[PDB]
């Protein structure tokens, strides 16, 4: 499997290179983020994540913010053409471990362009109770509110621990081609994280992977349902 991800990491796992505080990170083929940034978490408040990449600039960048408050950013120099395959699926992923949190997605948009001019764009603001244009993996599901719940949440509303789930867009994305001048993509998603216990965990991610990607075994909690190993 080949994962490129932007992680909202709500729980620090110092035992695997994680900084000892909530952070946003850029993950290339490994949970140990190539670049992290301090995440000013606001549990209970709706947040927005924006992700951008351009094949000429070769800089993968992400920003996190809450309405009427300071934002935080992270960037990493990388040629994803030498990392990812030509065809990929894009998705959201989330996990809980010992510590719980709701991982609610209120909206999710993605745009990709490939000049050789081929484009794909999708935007979800309400998720149907049966999203045929989404591949739901793990414990991911959509509630009556039209929200996408990535991890387990009881009928009451409180999150469950040791949960893992993901949502992929159904159509593969031609992320780059050998006969391409420039390829670019932008993604955004709005999230709501609520936690009853003290420390929230584990986090939410946006990820690009090979088409046949699925939740690898033992990828719960700290590994955000993307990687089978910490290495």
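Residue numbers count along the first chain shown, from 1.
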query: Missing residues, deposited sequence, between residue 75 and residue 76 (class: none, 1 to 3, 4 to 9, 10 or more); finding: none
query: Per the entry, higher mean C-alpha B factor between 66 to 74 and 24 to 32; finding: 66 to 74
query: Given 52 to 60 and 191 to 199, the range whose Cα B-factors average higher in the PDB entry; finding: 191 to 199
query: Options 115, 121, 132, 100 - largest CA temperature factor per the record; finding: 100
query: From 91, 146, 85, 161, residue of greatest CA B-factor; finding: 161
query: Record-listed C-alpha B factor of residue 180: chain third; finding: highest
query: CA B-factor placement of residue 109, once the chain's modelled residues are sorted into thirds; finding: lowest
query: Residue 136 - Cα temperature factor, lowest/middle/highest third of chain; finding: middle
query: CA B-factor placement of residue 151, once the chain's modelled residues are sorted into thirds; finding: middle
query: Chain-wide C-alpha B factor ranking for residue 169, given as lowest, middle or highest third; finding: lowest
